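See below for the structure under consideration.
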Number of protein chains: 2
Amino acid sequence: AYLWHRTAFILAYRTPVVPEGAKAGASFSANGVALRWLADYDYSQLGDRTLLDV
Amino acid sequence: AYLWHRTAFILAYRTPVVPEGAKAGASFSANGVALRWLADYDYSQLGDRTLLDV
């Protein structure tokens, strides 16, 4: 069990920017954290690829 | 120093045609020469790539 003050632990967040070369882009919130959604089509394997990141 | 008649040297320029797959297709100008600019997102390396050429 841990018993800590609100200012004991630091969390640092930075949502990545969607580059101009990304065919898709959006921003979703996970428990108050803005994420970056990116979709790229993989023609070689004939499949879509997604990515949420922070 | 170089002294040349107009017919001594010849340049030929051609702007590459932006294909139907390139996401970004802005076209720029350098010294009156039109340049092709395209951007593609390498998802395999998690990085953007930009190309400006002629």
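Chain identifiers are assigned as A, B, and so on, following the order in which chains appear in the structure tokens; residues are numbered from 1 within each chain, and ligands are numbered from 1 in order of appearance.
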
Using only C-alpha atoms, determine which residues lie at most 9 Å from residue 33 in chain A, disregarding the query and same-chain residues fewer than 3 positions distant; provide the list as a CSV table (one decimal) with N, CA, C and O atoms, in the first residue's frame.
chain,number,residue,atom,x,y,z
A,13,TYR,N,2.9,14.6,-20.3
A,13,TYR,CA,2.2,14.2,-21.5
A,13,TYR,C,2.4,15.1,-22.6
A,13,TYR,O,2.4,16.4,-22.4
A,14,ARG,N,2.5,14.6,-23.8
A,14,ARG,CA,2.6,15.4,-25.0
A,14,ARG,C,2.1,14.7,-26.2
A,14,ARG,O,2.7,13.7,-26.6
A,15,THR,N,0.9,15.1,-26.7
A,15,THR,CA,0.3,14.4,-27.8
A,15,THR,C,1.1,14.6,-29.1
A,15,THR,O,1.3,15.8,-29.5
A,28,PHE,N,-8.0,11.5,-29.7
A,28,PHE,CA,-8.9,10.9,-28.7
A,28,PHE,C,-8.4,11.1,-27.3
A,28,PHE,O,-7.2,11.3,-27.1
A,29,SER,N,-9.3,11.1,-26.3
A,29,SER,CA,-9.0,11.3,-24.9
A,29,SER,C,-9.1,10.0,-24.1
A,29,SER,O,-10.2,9.4,-24.2
A,30,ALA,N,-8.0,9.6,-23.5
A,30,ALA,CA,-8.0,8.4,-22.6
A,30,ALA,C,-7.9,9.0,-21.1
A,30,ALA,O,-6.8,9.5,-20.8
A,54,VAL,N,1.0,8.4,-27.5
A,54,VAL,CA,1.2,9.6,-26.7
A,54,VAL,C,2.6,9.5,-26.1
A,54,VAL,O,3.1,8.4,-25.8

When the cut-off is 10 Å and we count only C-alpha atoms, which residues of chain A are near chain B, given as a CSV table (one decimal) with N, CA, C and O atoms, in the first residue's frame?
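This went into selection-v9.csv:
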chain,number,residue,atom,x,y,z
A,18,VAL,N,0.2,15.1,-35.9
A,18,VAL,CA,-0.1,14.3,-37.1
A,18,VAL,C,0.7,14.9,-38.3
A,18,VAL,O,0.5,16.1,-38.7
A,19,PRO,N,1.7,14.2,-38.8
A,19,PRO,CA,2.5,14.8,-39.9
A,19,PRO,C,1.7,15.0,-41.2
A,19,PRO,O,0.7,14.3,-41.4
A,20,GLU,N,2.2,15.9,-42.1
A,20,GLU,CA,1.5,16.2,-43.3
A,20,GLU,C,1.4,15.0,-44.2
A,20,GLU,O,0.5,14.9,-45.1
A,21,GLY,N,2.3,14.0,-44.1
A,21,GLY,CA,2.3,12.8,-44.9
A,21,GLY,C,1.4,11.7,-44.4
A,21,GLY,O,1.4,10.6,-45.0
A,22,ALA,N,0.6,11.9,-43.4
A,22,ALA,CA,-0.3,10.9,-42.8
A,22,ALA,C,-1.7,11.0,-43.5
A,22,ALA,O,-2.3,12.1,-43.5
A,23,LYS,N,-2.2,9.9,-44.1
A,23,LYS,CA,-3.4,9.9,-44.8
A,23,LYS,C,-4.6,10.0,-43.9
A,23,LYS,O,-5.7,10.2,-44.4
A,24,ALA,N,-4.4,9.9,-42.6
A,24,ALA,CA,-5.5,10.1,-41.7
A,24,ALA,C,-5.0,10.6,-40.4
A,24,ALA,O,-3.8,10.6,-40.1
A,38,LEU,N,-3.5,7.7,-35.9
A,38,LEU,CA,-2.9,7.7,-37.2
A,38,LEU,C,-3.2,6.4,-38.0
A,38,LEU,O,-3.0,5.4,-37.4
A,39,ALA,N,-3.6,6.6,-39.2
A,39,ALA,CA,-3.9,5.4,-40.1
A,39,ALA,C,-3.1,5.5,-41.4
A,39,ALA,O,-3.1,6.5,-42.0
A,40,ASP,N,-2.4,4.4,-41.7
A,40,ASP,CA,-1.6,4.3,-42.9
A,40,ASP,C,-2.0,3.0,-43.6
A,40,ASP,O,-2.0,1.9,-43.0
A,41,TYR,N,-2.1,3.0,-44.9
A,41,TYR,CA,-2.5,1.9,-45.7
A,41,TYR,C,-1.3,1.1,-46.2
A,41,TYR,O,-0.4,1.7,-46.8
A,42,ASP,N,-1.2,-0.2,-45.9
A,42,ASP,CA,-0.1,-1.0,-46.3
A,42,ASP,C,-0.4,-1.8,-47.5
A,42,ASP,O,-1.0,-2.8,-47.5
A,49,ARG,N,-3.4,0.0,-41.4
A,49,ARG,CA,-2.6,0.0,-40.1
A,49,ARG,C,-3.0,1.2,-39.4
A,49,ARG,O,-3.0,2.3,-39.9
A,50,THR,N,-3.3,1.1,-38.1
A,50,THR,CA,-3.6,2.2,-37.2
A,50,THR,C,-2.6,2.3,-36.1
A,50,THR,O,-1.8,1.5,-35.8
A,51,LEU,N,-2.7,3.5,-35.4
A,51,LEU,CA,-1.7,3.8,-34.3
A,51,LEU,C,-2.3,4.9,-33.4
A,51,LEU,O,-2.5,6.0,-33.9

So how far away is CA of residue 37 in chain A from CA of residue 37 in chain B, in Å?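 CA of residue 37 in chain A lies at a distance of 24.6 Å from CA of residue 37 in chain B.
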
Have a look at CA of residue 52 in chain A and CA of residue 35 in chain A and let me know their distance in Å, one decimal.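 For CA of residue 52 in chain A relative to CA of residue 35 in chain A, the distance reads 6.2 Å.
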
DSSP says strand (DSSP E or B) for which residues of chain A? Put them as a ChimeraX atom specification? /A:26-30,33-42,47-53

What would the file look like if the residues just selected were written as a PDB file, in the first residue's frame with N, CA, C and O atoms?
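That gives us out-v9.pdb:
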ATOM      1  N   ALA A  26      -6.566  12.067 -36.130  1.00  0.00           N
ATOM      2  CA  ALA A  26      -7.608  12.446 -35.183  1.00  0.00           C
ATOM      3  C   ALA A  26      -6.962  12.550 -33.807  1.00  0.00           C
ATOM      4  O   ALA A  26      -5.749  12.357 -33.658  1.00  0.00           O
ATOM      5  N   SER A  27      -7.771  12.851 -32.795  1.00  0.00           N
ATOM      6  CA  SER A  27      -7.275  12.977 -31.430  1.00  0.00           C
ATOM      7  C   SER A  27      -8.348  12.484 -30.476  1.00  0.00           C
ATOM      8  O   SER A  27      -9.467  13.006 -30.481  1.00  0.00           O
ATOM      9  N   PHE A  28      -8.009  11.487 -29.668  1.00  0.00           N
ATOM     10  CA  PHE A  28      -8.927  10.904 -28.703  1.00  0.00           C
ATOM     11  C   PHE A  28      -8.389  11.106 -27.294  1.00  0.00           C
ATOM     12  O   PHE A  28      -7.190  11.302 -27.083  1.00  0.00           O
ATOM     13  N   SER A  29      -9.296  11.051 -26.324  1.00  0.00           N
ATOM     14  CA  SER A  29      -8.967  11.287 -24.928  1.00  0.00           C
ATOM     15  C   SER A  29      -9.112   9.993 -24.140  1.00  0.00           C
ATOM     16  O   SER A  29     -10.178   9.371 -24.151  1.00  0.00           O
ATOM     17  N   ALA A  30      -8.040   9.594 -23.462  1.00  0.00           N
ATOM     18  CA  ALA A  30      -8.044   8.441 -22.570  1.00  0.00           C
ATOM     19  C   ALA A  30      -7.904   8.960 -21.145  1.00  0.00           C
ATOM     20  O   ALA A  30      -6.844   9.473 -20.773  1.00  0.00           O
ATOM     21  N   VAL A  33      -6.353  12.155 -21.243  1.00  0.00           N
ATOM     22  CA  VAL A  33      -5.072  12.230 -21.933  1.00  0.00           C
ATOM     23  C   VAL A  33      -5.347  12.240 -23.427  1.00  0.00           C
ATOM     24  O   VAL A  33      -5.958  11.302 -23.955  1.00  0.00           O
ATOM     25  N   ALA A  34      -4.882  13.281 -24.109  1.00  0.00           N
ATOM     26  CA  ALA A  34      -5.103  13.403 -25.542  1.00  0.00           C
ATOM     27  C   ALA A  34      -4.095  12.548 -26.298  1.00  0.00           C
ATOM     28  O   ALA A  34      -2.882  12.723 -26.147  1.00  0.00           O
ATOM     29  N   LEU A  35      -4.598  11.622 -27.107  1.00  0.00           N
ATOM     30  CA  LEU A  35      -3.774  10.727 -27.902  1.00  0.00           C
ATOM     31  C   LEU A  35      -3.835  11.123 -29.370  1.00  0.00           C
ATOM     32  O   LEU A  35      -4.683  11.910 -29.796  1.00  0.00           O
ATOM     33  N   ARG A  36      -2.916  10.562 -30.147  1.00  0.00           N
ATOM     34  CA  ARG A  36      -2.833  10.805 -31.581  1.00  0.00           C
ATOM     35  C   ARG A  36      -3.204   9.523 -32.305  1.00  0.00           C
ATOM     36  O   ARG A  36      -2.563   8.488 -32.102  1.00  0.00           O
ATOM     37  N   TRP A  37      -4.221   9.590 -33.158  1.00  0.00           N
ATOM     38  CA  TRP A  37      -4.640   8.449 -33.961  1.00  0.00           C
ATOM     39  C   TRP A  37      -4.156   8.660 -35.385  1.00  0.00           C
ATOM     40  O   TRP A  37      -4.403   9.714 -35.980  1.00  0.00           O
ATOM     41  N   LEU A  38      -3.468   7.660 -35.926  1.00  0.00           N
ATOM     42  CA  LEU A  38      -2.872   7.739 -37.250  1.00  0.00           C
ATOM     43  C   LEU A  38      -3.156   6.443 -37.989  1.00  0.00           C
ATOM     44  O   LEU A  38      -2.976   5.356 -37.431  1.00  0.00           O
ATOM     45  N   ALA A  39      -3.598   6.557 -39.237  1.00  0.00           N
ATOM     46  CA  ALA A  39      -3.900   5.405 -40.070  1.00  0.00           C
ATOM     47  C   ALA A  39      -3.108   5.486 -41.366  1.00  0.00           C
ATOM     48  O   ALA A  39      -3.107   6.519 -42.040  1.00  0.00           O
ATOM     49  N   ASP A  40      -2.438   4.391 -41.706  1.00  0.00           N
ATOM     50  CA  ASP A  40      -1.649   4.296 -42.924  1.00  0.00           C
ATOM     51  C   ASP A  40      -1.970   2.977 -43.610  1.00  0.00           C
ATOM     52  O   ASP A  40      -2.048   1.936 -42.954  1.00  0.00           O
ATOM     53  N   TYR A  41      -2.149   3.026 -44.925  1.00  0.00           N
ATOM     54  CA  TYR A  41      -2.523   1.853 -45.703  1.00  0.00           C
ATOM     55  C   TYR A  41      -1.272   1.134 -46.189  1.00  0.00           C
ATOM     56  O   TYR A  41      -0.398   1.749 -46.806  1.00  0.00           O
ATOM     57  N   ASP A  42      -1.195  -0.162 -45.906  1.00  0.00           N
ATOM     58  CA  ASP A  42      -0.053  -0.988 -46.287  1.00  0.00           C
ATOM     59  C   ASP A  42      -0.436  -1.772 -47.536  1.00  0.00           C
ATOM     60  O   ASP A  42      -1.033  -2.848 -47.451  1.00  0.00           O
ATOM     61  N   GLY A  47      -3.548  -4.223 -46.396  1.00  0.00           N
ATOM     62  CA  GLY A  47      -4.189  -4.039 -45.109  1.00  0.00           C
ATOM     63  C   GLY A  47      -3.961  -2.651 -44.553  1.00  0.00           C
ATOM     64  O   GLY A  47      -2.957  -1.995 -44.845  1.00  0.00           O
ATOM     65  N   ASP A  48      -4.918  -2.211 -43.745  1.00  0.00           N
ATOM     66  CA  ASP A  48      -4.835  -0.933 -43.059  1.00  0.00           C
ATOM     67  C   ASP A  48      -4.075  -1.088 -41.749  1.00  0.00           C
ATOM     68  O   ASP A  48      -4.122  -2.136 -41.098  1.00  0.00           O
ATOM     69  N   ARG A  49      -3.368  -0.030 -41.365  1.00  0.00           N
ATOM     70  CA  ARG A  49      -2.602  -0.009 -40.126  1.00  0.00           C
ATOM     71  C   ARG A  49      -2.966   1.245 -39.351  1.00  0.00           C
ATOM     72  O   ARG A  49      -2.973   2.343 -39.915  1.00  0.00           O
ATOM     73  N   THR A  50      -3.265   1.082 -38.069  1.00  0.00           N
ATOM     74  CA  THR A  50      -3.630   2.190 -37.202  1.00  0.00           C
ATOM     75  C   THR A  50      -2.607   2.338 -36.086  1.00  0.00           C
ATOM     76  O   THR A  50      -1.781   1.454 -35.845  1.00  0.00           O
ATOM     77  N   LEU A  51      -2.675   3.475 -35.399  1.00  0.00           N
ATOM     78  CA  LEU A  51      -1.741   3.752 -34.311  1.00  0.00           C
ATOM     79  C   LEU A  51      -2.307   4.853 -33.432  1.00  0.00           C
ATOM     80  O   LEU A  51      -2.545   5.966 -33.911  1.00  0.00           O
ATOM     81  N   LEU A  52      -2.519   4.546 -32.155  1.00  0.00           N
ATOM     82  CA  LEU A  52      -2.795   5.540 -31.125  1.00  0.00           C
ATOM     83  C   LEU A  52      -1.559   5.652 -30.249  1.00  0.00           C
ATOM     84  O   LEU A  52      -1.044   4.634 -29.778  1.00  0.00           O
ATOM     85  N   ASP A  53      -1.084   6.873 -30.026  1.00  0.00           N
ATOM     86  CA  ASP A  53       0.155   7.028 -29.286  1.00  0.00           C
ATOM     87  C   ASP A  53       0.163   8.337 -28.512  1.00  0.00           C
ATOM     88  O   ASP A  53      -0.598   9.263 -28.801  1.00  0.00           O
TER      89      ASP A  53
END

CA of residue 9 in chain A to CA of residue 32 in chain A, straight-line distance in Å: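 Distance between the two atoms: 17.1 Å.
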